[PDB]
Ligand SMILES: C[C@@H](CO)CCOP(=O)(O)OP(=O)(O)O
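Take a look at this single chain, the form solved without the named molecule, given in structure tokens.
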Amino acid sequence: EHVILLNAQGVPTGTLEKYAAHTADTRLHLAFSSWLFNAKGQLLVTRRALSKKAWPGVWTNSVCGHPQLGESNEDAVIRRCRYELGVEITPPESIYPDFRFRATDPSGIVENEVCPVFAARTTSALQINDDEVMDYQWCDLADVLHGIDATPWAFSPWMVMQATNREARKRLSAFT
């Protein structure tokens, strides 16, 4: 598996092995962020496994990953939903297409990404991959936003940035 390196503009210039790519000096690459709701309109929040190289054990939005060469974002979302959560989803829809960020985790591991954000509904039960997810919670989008707004440090920095973007919060809010 790989990440796609991106030049100044977001042109793909090459690839790196996924694990080797995330260091204290992580270079800009392509990724996605996804927010999953069930038929009832509850938001899935997940906790990353303690073995994740970047932000292990951190509570975050439903699913995140790295599109591979030639893979659409939508497909990468579908792929990681199946891989991390064994869950089928409706066609992902765009909720924050220009999201980009750089952050440093507590051990100094950096994420540095162009990271369009999506939402979708699950259409099957979860089946948890414990190599990726150590815990999760179905909740009210309203309570999660209240938590993000009160103690954003309790959550991943990108979850926070996405949830506090005016328009993205609007589009997520209509998912209930």
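Note that residue numbering follows the sequence shown and begins at 1.
Same protein, other form: the form deposited with the named molecule bound, not shown, and the subject of what follows.
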Q.
Check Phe32 for me: does it contact the named molecule in the bound PDB entry (non-hydrogen atoms, 4.5 angstroms)?
A. yes
Q | Close approach of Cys64 to the named molecule in the bound PDB entry, 4.5 Å, heavy atom | A | yes
Q | Contact of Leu43 with the named molecule in the bound PDB entry (heavy atom, 4.5 Å) | A | no
Q. With a 4.5 Å heavy atom cut-off, would you call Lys52 a contact of the named molecule in the bound PDB entry?
A. yes
Q) in the bound PDB entry, do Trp59, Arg121 and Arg169 all put a heavy atom within 4.5 Å of the named molecule? A) no
Q) Just one of 64-72, 121-129, 147-155, 134-142 has heavy atoms within 4.5 Å of the named molecule in the bound PDB entry; which? A) 64-72
Q.
Suppose contact means any heavy atom within 4.5 Å; which members of 93-113 contact the named molecule in the bound PDB entry?
A. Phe101, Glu111, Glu113
